[PDB]
Amino acid sequence: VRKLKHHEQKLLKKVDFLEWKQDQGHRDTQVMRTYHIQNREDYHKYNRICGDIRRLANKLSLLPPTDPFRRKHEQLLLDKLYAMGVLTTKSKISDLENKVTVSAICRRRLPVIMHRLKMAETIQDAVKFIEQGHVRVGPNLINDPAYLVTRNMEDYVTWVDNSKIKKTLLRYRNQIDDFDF
Amino acid sequence: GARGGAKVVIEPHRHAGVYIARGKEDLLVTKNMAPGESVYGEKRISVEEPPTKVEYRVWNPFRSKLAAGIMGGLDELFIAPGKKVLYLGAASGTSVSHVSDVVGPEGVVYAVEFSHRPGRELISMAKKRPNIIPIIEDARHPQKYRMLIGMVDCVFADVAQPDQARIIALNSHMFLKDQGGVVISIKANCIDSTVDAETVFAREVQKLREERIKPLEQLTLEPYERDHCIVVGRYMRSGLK
Amino acid sequence: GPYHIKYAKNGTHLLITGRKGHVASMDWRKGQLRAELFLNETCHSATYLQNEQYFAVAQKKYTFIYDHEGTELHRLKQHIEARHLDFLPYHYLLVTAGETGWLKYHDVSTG
Amino acid sequence: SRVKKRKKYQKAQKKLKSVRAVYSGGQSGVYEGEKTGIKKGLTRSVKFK
Amino acid sequence: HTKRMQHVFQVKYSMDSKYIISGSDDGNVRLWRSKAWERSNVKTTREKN
Amino acid sequence: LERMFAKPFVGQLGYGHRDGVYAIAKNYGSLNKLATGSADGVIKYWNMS
Amino acid sequence: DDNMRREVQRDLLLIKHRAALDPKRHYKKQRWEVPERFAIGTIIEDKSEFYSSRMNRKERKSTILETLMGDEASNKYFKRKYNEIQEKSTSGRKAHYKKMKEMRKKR
Amino acid sequence: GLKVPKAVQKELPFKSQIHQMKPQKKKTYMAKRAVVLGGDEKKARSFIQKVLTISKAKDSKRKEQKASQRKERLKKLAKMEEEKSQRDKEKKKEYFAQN
Amino acid sequence: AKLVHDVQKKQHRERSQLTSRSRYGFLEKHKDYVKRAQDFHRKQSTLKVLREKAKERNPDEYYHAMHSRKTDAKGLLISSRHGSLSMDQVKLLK
Amino acid sequence: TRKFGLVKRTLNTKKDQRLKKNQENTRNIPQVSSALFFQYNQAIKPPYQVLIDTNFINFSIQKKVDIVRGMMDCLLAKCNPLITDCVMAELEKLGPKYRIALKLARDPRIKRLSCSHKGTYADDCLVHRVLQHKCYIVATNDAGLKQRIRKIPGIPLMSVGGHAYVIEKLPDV
Amino acid sequence: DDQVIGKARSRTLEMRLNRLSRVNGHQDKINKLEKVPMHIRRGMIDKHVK
RNA sequence: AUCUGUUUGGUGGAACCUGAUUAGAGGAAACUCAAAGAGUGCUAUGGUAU
Ligand SMILES: [Zn+2]
């Protein structure tokens with residue numbers, strides 16, 4: 001629509017064809033762009049998990065502070081998330097409500113972890129390599145760019161043995177050994 | 001400093017139609033409409049361009065007050081290429097010729113003068129510059145030459161009279177366009193020698209606001225001139241608020 | 001296939017939605033394609049909003065509003081499994097119904 | 001005391017030139033251009049608000 | 001009304017019926033529009049209709 | 001629209017009177033003329049244009 | 001033109017750094033990146049300025065650099081100043097280091 | 001200047017690999033080809049070198065001058081800031097003595 | 001300066017190297033020593049960082065620039081001095 | 001041929017022009033007045049032009065000090081009082097209680113200055129005028145305004161205190 | 001304090017914390033009414049006063 | 001010169017630190033297709049309609 005004149009704007013203050021309140025600020029698209037998610041419902045599946053963690057954290061909070069059950073379950077929930085890598089630190093219990101976010105789960109996706117491990121220059125580039133079958137976690141080749149890598153599994157992410165990518169790395173350093181391949 | 005055979009680098013000024021000639025010294029220069037001659041003996045710069053030989057004229061701030069305005073850094077000049085300008089108080093071609101240079105062949109200048117002895121010289125310079133309309137008539141009575149002036153994009157007034165505030169208003173009402181420019185050169189001795197310079201400038205600005213001219217800026221012309229200031233304003237007929 | 005077709009109110013533009021998820025918006029007289037989406041989902045129906053610039057598509061579980069070029073603008077979370085779409089042009093109201101048996105009116109202008 | 005105030009004043013005149021321009025009689029001799037150069041992108045001008 | 005108006009003692013119309021002249025005891029004579037939403041400019045035929 | 005365009009005040013005549021205005025007379029033959037008087041004893045003739 | 005004749009290039013490089021040409025001038029502060037449209041011109045004096053502000057043809061040169069080096073005072077000044085800077089820049093450098101290691105040798 | 005050991009140099013990440021340039025010893029054909037304008041132009045190539053050397057040193061000295069007066073001035077200001085700070089505390093004790 | 005004589009603020013002249021040791025060089029003073037200590041620590045600080053970067057290097061790091069770039073048999077990077085001529089180009093040059 | 005890493009097209013808030021937030025997106029150094037020799041205003045000479053602030057008229061009535069006499073007594077010179085339209089607007093705006101102030105403020109000796117800015121805030125108007133022209137004395141008792149005028153160099157500042165006016169930054173006294 | 005559970009424990013803690021804050025914390029910042037649109041809030045106040 | 005080694009310009013851009021940006025950054029073509037912004041031109045003329 002053309003830029004509204006002064007008198008039209010006053011009579012049409014709330015009209016917005018491109019931003020609605022139910023969109024929640026397009027937090028959907030923004031997080032998808034940063035981490036290059038391809039399935040439009042992957043954010044909302046992550047969100048529903050984040051909500052359930054937050055629901056339990058509240059229900060634990062309302063329980064009395066000295067209760068052994070409260071302390072036990074909260075510690076278990078902190079360790080589990082930290083092991084997954086969603087939570088960077090296990091110290092403060094407020095992190096369950098403040099620092100549990102969809103972006104936290106997204107950052108553990110295989111495309112991003114390669115980018116942090118510098119196996120790729122960019123997230124978009126790293127996604128292409130997964131779809132090309134160059135990336136393995138352990139001895140299993142992975143073509144799904146939504147593989148959530150736990151902290152312990154992050155050590156086993158590596159190129160495939162015969163990948164052309166692996167040959168360029170060794171060739172660039174003049175360390176290519178053709179017996180291995 | 002700027003001797004005869006010395007070479008210089010000509011580059012454009014921030015204001016359109018004005019150029020700077022760099023070197024050991026910097027000179028404000030405007031392109032010559034009538035090449036091969038000087039109107040008041042200024043230095044000229046000749047440039048070969050593909051080849052035709054273009055010529056430039058040096059603009060001396062100590063002789064023309066408008067040039068002193070450029071040197072001090074006036075933010076806005078409504079004198080620009082392709083704009084009609086009404087020059088009141090055109091004693092001779094010392095400054096009108098330079099104003100004629102800036103507007104270009106497309107624009108025009110209406111030079112208004114009262115005394116006849118300089119008028120004869122103003123006509124003589126005018127013949128060399130086709131885009132100058134010389135009006136040898138009293139600027140206090142704009143009606144006498146209404147046939148000879150159309151709409152003008154800006155009004156420049158260098159008239160040295162105590163009642164210049166009335167001269168600027170009457171000419172602006174008849175000929176200046178809405179949202180048009182007004183540039184005035186004020187000499188405090190001429191208006192009121194009894195009182196200090198600042199009061200006259202403050203007093204003069206008030207008259208312009210009364211006359212529906214919104215003052216945008218005032219600049220003092222030192223060190224080139226003492227007791228002078230150039231006030232640039234916009235003629236806001238609709239409202240000054 | 002199969003394909004569901006809805007013309008614009010003034011008849012200048014055509015919107016076809018394949019069942020397997022092929023949505024195309026075009027100007028059929030001059031043979032100009034405005035947008036073509038290959039959503040890998042089950043599309044049921046689509047309609048033009050106030051003009052050809054925007055159109056709505058009833059996908060598997062949510063209705064989506066799209067731009068003239070095919071860029072998504074909103075995901076209507078409140079509309080669930082809409083199977084029929086209609087637009088009241090003067091009221092700027094979008095209407096939906098489906099397996100939930102809920103009739104939902106949505107104001108395009110205010111959202 | 002007189003000598004010290006003489007030198008204090010002449011020193012003050014020098015500083016005033018740095019703060020602002022001061023009229024110094026105008027032009028002396030042929031106009032040789034602006035010795036210290038022209039700045040295209042600076043306005044020393046006072047704007048009404 | 002206006003906070004600067006203090007006691008209306010005289011009210012009159014312009015002879016064209018478009019304006020109101022008011023005189024208070026504060027010492028000012030004010031001008032008002034007879035119809036606040038109307039404007040005095042000549043309107044194009046499309047405006048008028 | 002009528003409300004947000006309702007701008008009745010247009011202005012005031014000059015600087016007004018020293019004391020309150022108690023007598024206003026309009027010229028019934030001329031549109032833009034007015035005569036006013038104040039308790040100070042002064043009477044003025046205005047050009048409303 | 002893209003040819004950017006070296007005579008023209010040196011002229012503009014001699015105006016970006018004009019503050020150092022003469023030790024008594026001390027111009028204002030400005031940057032002067034090379035403009036994308038400029039021209040080179042020669043001043044033409046008035047006939048009334050024959051004695052005051054006119055240059056002799058033998059002194060006239062096609063380029064500013066030609067006239068500047070033609071001067072003898074400035075040419076002398078740069079030789080003095082440039083040599084002084086070299087002494088400042090060459091103090092304590094490799095040549096100095098070798099001497100200190102040479103004295104430690106008995107001869 | 002620092003000389004990185006080759007063992008550390010060899011095993012460096014691609015982003016941080018120091019570019020060390022080896023000197024050329026076999027004369028390149030282009031090096032044997034290029035023509036150098038001598039005589040008059042030599043006098044016009046030294047001179048520009050002489051001018052630029054003065055201009056840098058002049059700027060590099062004036063820049064050091066600004067940093068010298070920058071230090072003395074801020075020391076003067078921090079004293080003024082200290083006076084306005086302690087006196088600010090005094091006023092807020094006198095005021096809240098009333099309240 | 002308050003309650004201080006000018007005699008109190010007298011420059012203490014600073015000595016020179018002995019003649020017997022004159023071969024070795026200039027007797028360093030505290031200001032001279034400070035320049036050495038800072039210089040060594042500045043280099044050592046960077047050299048420590050480079051060693052740490054070597055230790056944490058990921059062998060699998062891949063950058064598309066690896067194709068254009070080349071390395072030495074010693075393992076050090078090779079970089080072109082200015083950054084081959086076809087026969088047609090050579091014929092014109094000759 | 002198909003491209004890899006295909007993603008659904010969606011509205012990009014940060015870079016889309018149509019959205020309002022993205023749609024929206026010669027240095028000047030004012031000359032130091034030639035009328036000022038460091039901190040001494042050489043241009044100001046008798047008779048003086050004085051700008052009246054709204055508080056000044058009220059406090060003048062408080063102490064039974066006539067505007068013309070109090071000035072002409074304080075500076076030993078003819079003073080030309082000036083009341084701007086903003087100051088008059090504020091006085092009218094005060095209400096019936098301050099009607100005495102309005103009638104004195106309209107004394108014909110007190111000249112009037114037209115103004116060309118929408119707001120009626122007088123403090124800003126006076127501060128702008130003194131900055132442009134260094135030819136006015138500011139007559140005010142407001143604490144906020146006086147401190148602003150003090151920072152501006154060479155602006156004599158007049159106030160009403162005790163039994164008569166007081167002038168601060170005017171050497172000729 | 002050990003027995004109390006549910007909303008009462010959440011409301012109890014907030015009431016205690018505010019009370020301690022009022023002594024030293026500035027009135028503007030300690031207590032901030034939640035943002036509600038114009039038309040709604042007059043509705044809530046009018047009914048509540050009723 | 002198996003002399004010397006500072007400076008100017010060009011090539012290259014390790015570490016630290018700072019700033020901005022981020023589905024990495026660009027480039028070329030046009031009687032191509034769209035969505036917007038600014039200015040300008042045109043008797044642009046029913047105050048109550050032959
Ligand atoms: Zn005002």
# chains A, B, ... in the order shown; residues from 1 in each chain; ligands from 1
call {"tool": "residues_around", "arguments": {"residues": "stretch 30-34 of chain L", "least_positions_apart": "4", "cutoff": "9 Å", "atoms": "only C-alpha atoms (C1' of nucleotides)", "output": "ChimeraX atom specification"}}
result
/C:32,34,68-69
call {"tool": "residues_near_ligand", "arguments": {"ligand": "ligand 1", "cutoff": "9 Å", "atoms": "only C-alpha atoms (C1' of nucleotides) and all ligand atoms", "output": "PDB file with C-alpha atoms, in the first residue's frame"}}
result
ATOM      1  CA  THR J  84       8.612  38.960  23.452  1.00  0.00           C
ATOM      2  CA  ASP J  85       5.337  37.373  22.380  1.00  0.00           C
ATOM      3  CA  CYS J  86       6.103  34.208  24.355  1.00  0.00           C
ATOM      4  CA  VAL J  87       6.514  36.153  27.598  1.00  0.00           C
ATOM      5  CA  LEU J 113       9.139  41.727  19.789  1.00  0.00           C
ATOM      6  CA  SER J 114       7.395  39.421  17.342  1.00  0.00           C
ATOM      7  CA  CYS J 115       8.289  35.724  17.397  1.00  0.00           C
ATOM      8  CA  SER J 116       8.281  32.992  14.747  1.00  0.00           C
ATOM      9  CA  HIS J 117       8.264  29.662  16.631  1.00  0.00           C
ATOM     10  CA  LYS J 118       5.248  27.541  17.498  1.00  0.00           C
ATOM     11  CA  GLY J 119       5.805  26.760  21.167  1.00  0.00           C
ATOM     12  CA  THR J 120       5.002  29.245  23.917  1.00  0.00           C
ATOM     13  CA  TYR J 121       7.980  28.134  26.030  1.00  0.00           C
ATOM     14  CA  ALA J 122       9.707  31.457  26.672  1.00  0.00           C
ATOM     15  CA  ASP J 124      14.057  28.532  24.938  1.00  0.00           C
ATOM     16  CA  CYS J 125      13.138  31.624  22.919  1.00  0.00           C
ATOM     17  CA  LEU J 126      15.258  33.963  25.042  1.00  0.00           C
ATOM     18  CA  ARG J 129      17.997  35.171  20.784  1.00  0.00           C
TER      19      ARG J 129
END
call {"tool": "closest_atom_pairs", "arguments": {"of": "chain E", "to": "chain L", "cutoff": "12 Å", "atoms": "only C-alpha atoms (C1' of nucleotides)", "output": "Markdown table"}}
result
| residue | atom | partner | partner_atom | distance |
| --- | --- | --- | --- | --- |
| E:42 | CA | L:47 | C1' | 9.0 |
| E:43 | CA | L:47 | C1' | 9.1 |
| E:44 | CA | L:45 | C1' | 9.0 |
| E:45 | CA | L:46 | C1' | 7.7 |
| E:46 | CA | L:46 | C1' | 10.6 |
| E:47 | CA | L:47 | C1' | 11.9 |
| E:48 | CA | L:47 | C1' | 9.0 |
| E:49 | CA | L:48 | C1' | 10.6 |
call {"tool": "write_last_selection", "arguments": {"atoms": "C-alpha atoms", "output": "CSV table (one decimal), in the first residue's frame"}}
result
chain,number,residue,atom,x,y,z
E,42,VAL,CA,-11.2,27.9,-3.1
E,43,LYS,CA,-12.0,24.2,-3.6
E,44,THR,CA,-11.8,22.2,-6.7
E,45,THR,CA,-15.1,20.8,-7.9
E,46,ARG,CA,-14.0,17.4,-6.7
E,47,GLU,CA,-13.3,18.7,-3.2
E,48,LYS,CA,-16.7,20.6,-3.1
E,49,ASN,CA,-18.8,17.5,-4.0
call {"tool": "select_by_dssp", "arguments": {"residues": "chain E", "states": "strand (DSSP E or B)", "output": "count of residues only"}}
result
14
call {"tool": "interface_residues", "arguments": {"of": "chain H", "to": "chain A", "cutoff": "10 Å", "atoms": "only C-alpha atoms", "output": "ChimeraX atom specification"}}
result
/H:10-11,14
call {"tool": "interface_residues", "arguments": {"of": "chain J", "to": "chain B", "cutoff": "12 Å", "atoms": "only C-alpha atoms", "output": "compact mmCIF listing (two decimals) with N, CA, C and O atoms, in the first residue's frame"}}
result
# COMPACT_ATOMS: atom_id res chain seq x y z
N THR J 26 28.19 18.38 5.88
CA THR J 26 28.67 19.75 6.06
C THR J 26 28.73 20.11 7.54
O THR J 26 27.76 20.63 8.10
N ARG J 27 29.86 19.82 8.18
CA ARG J 27 30.02 20.13 9.59
C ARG J 27 29.99 21.63 9.81
O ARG J 27 30.53 22.40 9.02
N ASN J 28 29.35 22.05 10.90
CA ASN J 28 29.18 23.46 11.23
C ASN J 28 29.83 23.74 12.58
O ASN J 28 29.65 22.97 13.52
N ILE J 29 30.58 24.84 12.65
CA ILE J 29 31.17 25.32 13.90
C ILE J 29 30.83 26.80 14.00
O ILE J 29 31.45 27.61 13.31
N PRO J 30 29.86 27.20 14.83
CA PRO J 30 29.44 28.61 14.83
C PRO J 30 30.59 29.55 15.12
O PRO J 30 31.45 29.27 15.96
N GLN J 31 30.62 30.67 14.40
CA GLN J 31 31.66 31.66 14.61
C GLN J 31 31.52 32.30 15.98
O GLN J 31 30.42 32.64 16.42
N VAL J 32 32.65 32.46 16.67
CA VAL J 32 32.65 33.23 17.90
C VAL J 32 32.38 34.69 17.56
O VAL J 32 32.99 35.25 16.64
N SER J 33 31.44 35.29 18.28
CA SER J 33 30.96 36.61 17.91
C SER J 33 32.10 37.62 17.88
O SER J 33 32.95 37.64 18.78
N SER J 34 32.11 38.45 16.85
CA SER J 34 33.10 39.53 16.75
C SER J 34 32.92 40.57 17.84
O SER J 34 33.83 41.39 18.05
N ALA J 35 31.78 40.57 18.54
CA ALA J 35 31.52 41.50 19.62
C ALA J 35 32.14 41.08 20.94
O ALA J 35 31.94 41.77 21.94
N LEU J 36 32.88 39.97 20.96
CA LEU J 36 33.37 39.38 22.20
C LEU J 36 34.89 39.33 22.18
O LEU J 36 35.49 38.68 21.32
N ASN J 41 32.24 41.63 26.73
CA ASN J 41 31.37 42.03 25.63
C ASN J 41 31.62 43.50 25.33
O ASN J 41 31.09 44.38 26.00
N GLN J 42 32.44 43.76 24.32
CA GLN J 42 32.81 45.14 24.00
C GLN J 42 31.70 45.86 23.25
O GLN J 42 31.63 47.09 23.26
N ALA J 43 30.81 45.11 22.59
CA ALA J 43 29.81 45.75 21.73
C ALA J 43 28.72 46.42 22.54
O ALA J 43 28.17 47.45 22.12
N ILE J 44 28.36 45.85 23.70
CA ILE J 44 27.25 46.40 24.47
C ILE J 44 27.64 47.75 25.04
O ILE J 44 28.67 47.89 25.72
N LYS J 45 26.83 48.76 24.75
CA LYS J 45 27.05 50.12 25.24
C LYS J 45 25.70 50.73 25.55
O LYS J 45 24.68 50.28 25.03
N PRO J 46 25.66 51.77 26.39
CA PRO J 46 24.38 52.41 26.68
C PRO J 46 23.82 53.07 25.43
O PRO J 46 24.58 53.51 24.55
N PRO J 47 22.48 53.14 25.30
CA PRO J 47 21.46 52.57 26.17
C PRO J 47 21.33 51.07 25.95
O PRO J 47 21.65 50.59 24.86
N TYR J 48 20.87 50.34 26.96
CA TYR J 48 20.82 48.89 26.90
C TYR J 48 19.43 48.42 26.48
O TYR J 48 18.42 49.06 26.77
N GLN J 49 19.40 47.28 25.80
CA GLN J 49 18.16 46.59 25.45
C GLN J 49 18.04 45.38 26.36
O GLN J 49 18.95 44.54 26.41
N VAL J 50 16.92 45.28 27.07
CA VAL J 50 16.74 44.27 28.11
C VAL J 50 15.56 43.39 27.74
O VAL J 50 14.47 43.89 27.45
N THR J 84 8.92 39.76 24.62
CA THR J 84 8.61 38.96 23.45
C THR J 84 7.18 38.45 23.53
O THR J 84 6.50 38.56 24.56
N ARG J 112 7.68 45.67 22.15
CA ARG J 112 7.24 44.31 21.85
C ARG J 112 8.06 43.73 20.71
O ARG J 112 8.36 44.43 19.74
N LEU J 113 8.42 42.46 20.82
CA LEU J 113 9.14 41.73 19.79
C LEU J 113 8.27 40.59 19.27
O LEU J 113 7.79 39.77 20.05
N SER J 114 8.10 40.54 17.96
CA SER J 114 7.40 39.42 17.34
C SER J 114 8.27 38.17 17.38
O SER J 114 9.49 38.24 17.46
N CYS J 115 7.61 37.01 17.33
CA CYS J 115 8.29 35.72 17.40
C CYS J 115 7.76 34.82 16.30
O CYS J 115 6.62 34.96 15.86
N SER J 116 8.61 33.88 15.86
CA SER J 116 8.28 32.99 14.75
C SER J 116 8.56 31.53 15.07
O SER J 116 9.14 30.81 14.25
N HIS J 117 8.17 31.07 16.26
CA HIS J 117 8.26 29.66 16.63
C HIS J 117 6.98 29.23 17.33
O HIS J 117 6.37 30.02 18.06
N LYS J 118 6.59 27.98 17.12
CA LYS J 118 5.25 27.54 17.50
C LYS J 118 5.06 27.52 19.01
O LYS J 118 4.07 28.06 19.52
N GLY J 119 5.99 26.92 19.74
CA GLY J 119 5.81 26.76 21.17
C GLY J 119 5.76 28.09 21.90
O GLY J 119 6.31 29.09 21.45
N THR J 120 5.08 28.08 23.04
CA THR J 120 5.00 29.24 23.92
C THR J 120 6.06 29.22 25.02
O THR J 120 6.08 30.12 25.86
N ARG J 129 17.75 33.80 21.21
CA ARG J 129 18.00 35.17 20.78
C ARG J 129 19.35 35.67 21.26
O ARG J 129 20.08 36.33 20.51
N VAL J 130 19.71 35.37 22.51
CA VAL J 130 20.99 35.85 23.03
C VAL J 130 22.15 35.21 22.27
O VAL J 130 23.18 35.85 22.04
N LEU J 131 22.00 33.95 21.87
CA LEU J 131 23.07 33.28 21.14
C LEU J 131 23.33 33.94 19.79
O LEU J 131 24.49 34.17 19.42
N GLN J 132 22.27 34.25 19.04
CA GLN J 132 22.46 34.83 17.72
C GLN J 132 23.06 36.23 17.82
O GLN J 132 24.06 36.54 17.16
N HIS J 133 22.47 37.09 18.65
CA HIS J 133 22.89 38.48 18.78
C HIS J 133 23.32 38.75 20.21
O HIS J 133 22.56 38.49 21.15
N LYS J 134 24.54 39.27 20.37
CA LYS J 134 25.09 39.60 21.68
C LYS J 134 24.85 41.07 22.01
O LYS J 134 25.77 41.85 22.23
N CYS J 135 23.57 41.45 22.04
CA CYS J 135 23.18 42.84 22.26
C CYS J 135 22.00 42.98 23.22
O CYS J 135 21.33 44.02 23.19
N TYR J 136 21.73 41.98 24.05
CA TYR J 136 20.62 42.02 24.99
C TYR J 136 21.11 41.74 26.40
O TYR J 136 22.05 40.97 26.61
N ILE J 137 20.45 42.37 27.37
CA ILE J 137 20.52 41.97 28.78
C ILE J 137 19.31 41.10 29.07
O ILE J 137 18.19 41.42 28.65
call {"tool": "atom_distance", "arguments": {"atom1": "atom CA of residue A:97", "atom2": "atom CA of residue A:23"}}
result
21.8 Å
call {"tool": "closest_atom_pairs", "arguments": {"of": "chain D", "to": "chain B", "cutoff": "12 Å", "atoms": "only C-alpha atoms", "output": "JSON lines"}}
result
{"residue": "D:17", "atom": "CA", "partner": "B:223", "partner_atom": "CA", "distance": 10.0}
{"residue": "D:20", "atom": "CA", "partner": "B:222", "partner_atom": "CA", "distance": 9.0}
{"residue": "D:21", "atom": "CA", "partner": "B:223", "partner_atom": "CA", "distance": 5.6}
{"residue": "D:22", "atom": "CA", "partner": "B:223", "partner_atom": "CA", "distance": 5.1}
{"residue": "D:23", "atom": "CA", "partner": "B:223", "partner_atom": "CA", "distance": 4.1}
{"residue": "D:24", "atom": "CA", "partner": "B:223", "partner_atom": "CA", "distance": 6.7}
{"residue": "D:25", "atom": "CA", "partner": "B:223", "partner_atom": "CA", "distance": 8.4}
{"residue": "D:26", "atom": "CA", "partner": "B:224", "partner_atom": "CA", "distance": 5.8}
{"residue": "D:27", "atom": "CA", "partner": "B:62", "partner_atom": "CA", "distance": 6.6}
{"residue": "D:28", "atom": "CA", "partner": "B:62", "partner_atom": "CA", "distance": 10.3}
{"residue": "D:29", "atom": "CA", "partner": "B:1", "partner_atom": "CA", "distance": 11.0}
{"residue": "D:30", "atom": "CA", "partner": "B:1", "partner_atom": "CA", "distance": 9.1}
{"residue": "D:31", "atom": "CA", "partner": "B:60", "partner_atom": "CA", "distance": 7.2}
{"residue": "D:32", "atom": "CA", "partner": "B:1", "partner_atom": "CA", "distance": 5.0}
{"residue": "D:33", "atom": "CA", "partner": "B:27", "partner_atom": "CA", "distance": 5.2}
{"residue": "D:34", "atom": "CA", "partner": "B:26", "partner_atom": "CA", "distance": 5.5}
{"residue": "D:35", "atom": "CA", "partner": "B:25", "partner_atom": "CA", "distance": 5.2}
{"residue": "D:36", "atom": "CA", "partner": "B:25", "partner_atom": "CA", "distance": 7.0}
{"residue": "D:37", "atom": "CA", "partner": "B:26", "partner_atom": "CA", "distance": 5.0}
{"residue": "D:38", "atom": "CA", "partner": "B:26", "partner_atom": "CA", "distance": 6.0}
{"residue": "D:39", "atom": "CA", "partner": "B:73", "partner_atom": "CA", "distance": 8.4}
{"residue": "D:40", "atom": "CA", "partner": "B:14", "partner_atom": "CA", "distance": 5.9}
{"residue": "D:41", "atom": "CA", "partner": "B:14", "partner_atom": "CA", "distance": 7.1}
{"residue": "D:42", "atom": "CA", "partner": "B:73", "partner_atom": "CA", "distance": 6.3}
{"residue": "D:43", "atom": "CA", "partner": "B:73", "partner_atom": "CA", "distance": 4.1}
{"residue": "D:44", "atom": "CA", "partner": "B:73", "partner_atom": "CA", "distance": 5.6}
{"residue": "D:45", "atom": "CA", "partner": "B:219", "partner_atom": "CA", "distance": 5.2}
{"residue": "D:46", "atom": "CA", "partner": "B:218", "partner_atom": "CA", "distance": 5.8}
{"residue": "D:47", "atom": "CA", "partner": "B:217", "partner_atom": "CA", "distance": 4.6}
{"residue": "D:48", "atom": "CA", "partner": "B:216", "partner_atom": "CA", "distance": 5.7}
{"residue": "D:49", "atom": "CA", "partner": "B:216", "partner_atom": "CA", "distance": 8.1}
call {"tool": "atom_distance", "arguments": {"atom1": "atom CA of residue B:44", "atom2": "atom CA of residue G:38"}}
result
16.8 Å
call {"tool": "interface_residues", "arguments": {"of": "chain F", "to": "chain J", "cutoff": "10 Å", "atoms": "only C-alpha atoms", "output": "JSON, numbers by chain"}}
result
{"F": [15, 16, 17, 18, 19, 20]}
call {"tool": "residues_around", "arguments": {"residues": "residue K:5", "least_positions_apart": "6", "cutoff": "7 Å", "atoms": "only C-alpha atoms (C1' of nucleotides)", "output": "PyMOL selection string"}}
result
chain A and resi 62-64
call {"tool": "interface_residues", "arguments": {"of": "chain J", "to": "chain A", "cutoff": "6 Å", "atoms": "only C-alpha atoms", "output": "PyMOL selection string"}}
result
chain J and resi 4-5+7
call {"tool": "residues_around", "arguments": {"residues": "residue I:64", "least_positions_apart": "5", "cutoff": "10 Å", "atoms": "only C-alpha atoms (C1' of nucleotides)", "output": "ChimeraX atom specification"}}
result
/A:120-121,165,168 /I:69
call {"tool": "residues_around", "arguments": {"residues": "residue C:95", "least_positions_apart": "3", "cutoff": "9 Å", "atoms": "only C-alpha atoms (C1' of nucleotides)", "output": "VMD selection string"}}
result
chain C and resid 84 to 88 103 to 107
call {"tool": "interface_residues", "arguments": {"of": "chain A", "to": "chain I", "cutoff": "10 Å", "atoms": "only C-alpha atoms", "output": "PyMOL selection string"}}
result
chain A and resi 114-115+117-122+157-159+165-166+168-175
call {"tool": "closest_residue", "arguments": {"among": "F:3, F:10, F:27, F:35", "to": "residue E:23", "atoms": "only C-alpha atoms"}}
result
F:35
call {"tool": "residues_around", "arguments": {"residues": "residue L:14", "least_positions_apart": "3", "cutoff": "8 Å", "atoms": "only C-alpha atoms (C1' of nucleotides)", "output": "ChimeraX atom specification"}}
result
/H:16-19
call {"tool": "atom_distance", "arguments": {"atom1": "atom CA of residue K:9", "atom2": "atom CA of residue A:60"}}
result
11.8 Å
call {"tool": "residues_around", "arguments": {"residues": "stretch 25-41 of chain E", "least_positions_apart": "2", "cutoff": "9 Å", "atoms": "only C-alpha atoms (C1' of nucleotides)", "output": "number ranges by chain"}}
result
E: 4-9, 13, 17-23, 43; F: 1-22, 36, 38, 48; J: 92, 96, 99, 102-103
